[PDB]
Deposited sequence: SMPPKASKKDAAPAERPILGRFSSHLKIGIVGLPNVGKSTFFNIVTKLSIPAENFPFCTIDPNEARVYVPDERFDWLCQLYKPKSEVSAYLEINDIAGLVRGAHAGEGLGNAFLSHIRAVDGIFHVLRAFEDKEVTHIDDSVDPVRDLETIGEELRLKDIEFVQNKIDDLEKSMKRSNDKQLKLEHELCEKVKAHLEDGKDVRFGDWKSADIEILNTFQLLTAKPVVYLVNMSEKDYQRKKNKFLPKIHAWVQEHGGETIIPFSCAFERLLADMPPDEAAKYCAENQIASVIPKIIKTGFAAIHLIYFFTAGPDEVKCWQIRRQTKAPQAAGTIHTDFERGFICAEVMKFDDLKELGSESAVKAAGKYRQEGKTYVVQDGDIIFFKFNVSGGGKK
């Protein structure tokens, strides 16, 4: 319903945030080892702390089996290893979502995730108050010399925002009007950025699917957003990425265990409000990355500007209808090759051909 809280930008990043020595770089290096080579994004500089990972998708893979196309193109998630400090917030402001890593395994100076959640939670809210407060000063200083309604509106929000933060809540979970969000998105505020909780634990805990700290983390999250908790073992994953495909498959069978990195990649990608639509022929099958609540013309623009400027229609078929009926010819036969106009919001998984001029 409401507009999305986050920057109206193409190149979205997710940051690895957490207390020191909980698994941040060990998780990043697993991610890095699975990354796309930086030379394949020639328009971008990929710093050593940055990596981009293919978003795995079973629907995408099925479309590659069907068309057996010449070019298979995936979407990607950009993950940023950050660092806790002050210059910590430079790297943290430049991302659009947080992999909040939390330590849930015993050492071999204390072990507690919910305490670490509070430390970072509080530390995040405080530096947002610091941000809001300064613009609160700058606004009312300028309102002395101007009668601008926008200065008043921005001032009213900044007061309501600081109330929310002092009340012990994150800007992300406020009940904001559409126009408040517009102003909020200018501020790039830390607690406006979405979180995916990654509970790092032993390989034993992970495989057993039980952990002493998990119910205490889980119940806390329900009281603070209800965001996704993915339990994972950083050691197991490190171990598993270091071994080749069939050794991994033998290991996964014999230990009755499986990697959750794909789920982590998928969940992070969705959590920062990205989706994609497919295009699919023998030429290529490609995932077309877009923000949620994107209308069909703006989606078409992402391929070629003309597709938007002279937009006629988007010829869209759902994935479920293609896998069921076996081919596009067959989907057409059943009158399921729909035709959508300029106010059609694109669904994740839509397979689209655009008509224009």
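A.B. asks: So, counting the deposited sequence from position 1, which segments are absent from the coordinates?
C.D. replies: According to the record, the gaps fall at 1-14, 98-108, 134-139, 389-395.
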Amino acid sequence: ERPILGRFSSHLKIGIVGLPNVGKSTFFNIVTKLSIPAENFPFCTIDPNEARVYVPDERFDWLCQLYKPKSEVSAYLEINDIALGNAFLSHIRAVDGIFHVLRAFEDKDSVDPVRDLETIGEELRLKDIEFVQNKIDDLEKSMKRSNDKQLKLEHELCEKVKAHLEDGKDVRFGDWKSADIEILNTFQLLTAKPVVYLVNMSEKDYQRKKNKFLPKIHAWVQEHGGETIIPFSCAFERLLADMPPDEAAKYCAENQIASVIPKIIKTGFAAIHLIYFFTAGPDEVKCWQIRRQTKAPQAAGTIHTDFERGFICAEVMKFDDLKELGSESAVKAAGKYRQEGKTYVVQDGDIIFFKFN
From here on, numbers count along this sequence of modelled residues.
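A.B. asks: Check this for me: in at least a third of the other entries compared, is residue 84 absent while its neighbours are modelled?
C.D. replies: Residue 84: unmodelled in at least a third of the other compared entries.
A.B. asks: In a third or more of the other entries compared, is residue 108 missing its coordinates?
C.D. replies: Result for residue 108: often missing, at least a third of the compared entries.
A.B. asks: Would 159-167 or 205-213 have the larger average of its C-alpha temperature factors, as given in the entry?
C.D. replies: Taking the mean C-alpha B-factor of 159-167 and of 205-213, the larger value falls to 159-167.
A.B. asks: Using the B-factors recorded in the PDB entry, average over the C-alpha atoms of 279-287 and of 124-132, then report which stretch comes out higher.
C.D. replies: The entry gives the higher C-alpha B-factor average to 124-132.
A.B. asks: Pick out which of 147, 74, 267, 259 has the highest C-alpha B-factor in the PDB entry.
C.D. replies: So the option with the highest C-alpha B-factor is 147.
A.B. asks: From the list 238, 193, 152, 100, select the residue with the highest C-alpha B factor recorded in the entry.
C.D. replies: Comparing C-alpha B-factors across 238, 193, 152, 100, the top value belongs to 152.
A.B. asks: For the chain shown, is the CA B-factor of residue 23 in the lowest, middle or highest third of its modelled residues?
C.D. replies: It belongs to the middle third of the chain when residues are ordered by C-alpha B-factor.
A.B. asks: When the deposited Cα B-factors of this chain's modelled residues are ordered and cut into thirds, is residue 353 in the lowest, the middle or the highest one?
C.D. replies: Answer is lowest: the recorded C-alpha B-factor places it there.
A.B. asks: For residue 11, does the deposited CA B-factor place it in the lowest, middle or highest third of the chain?
C.D. replies: For residue 11, the deposited C-alpha B-factor lands in the highest third.
A.B. asks: Determine, from the deposited record, the chain-internal third of the Cα B-factor for residue 302: lowest, middle or highest.
C.D. replies: Lowest third, going by the recorded CA B-factors of the chain.
A.B. asks: Using the B-factors in the PDB entry, rank residue 225's C-alpha atom against the chain and give the third, lowest, middle or highest.
C.D. replies: Middle third by C-alpha B-factor.
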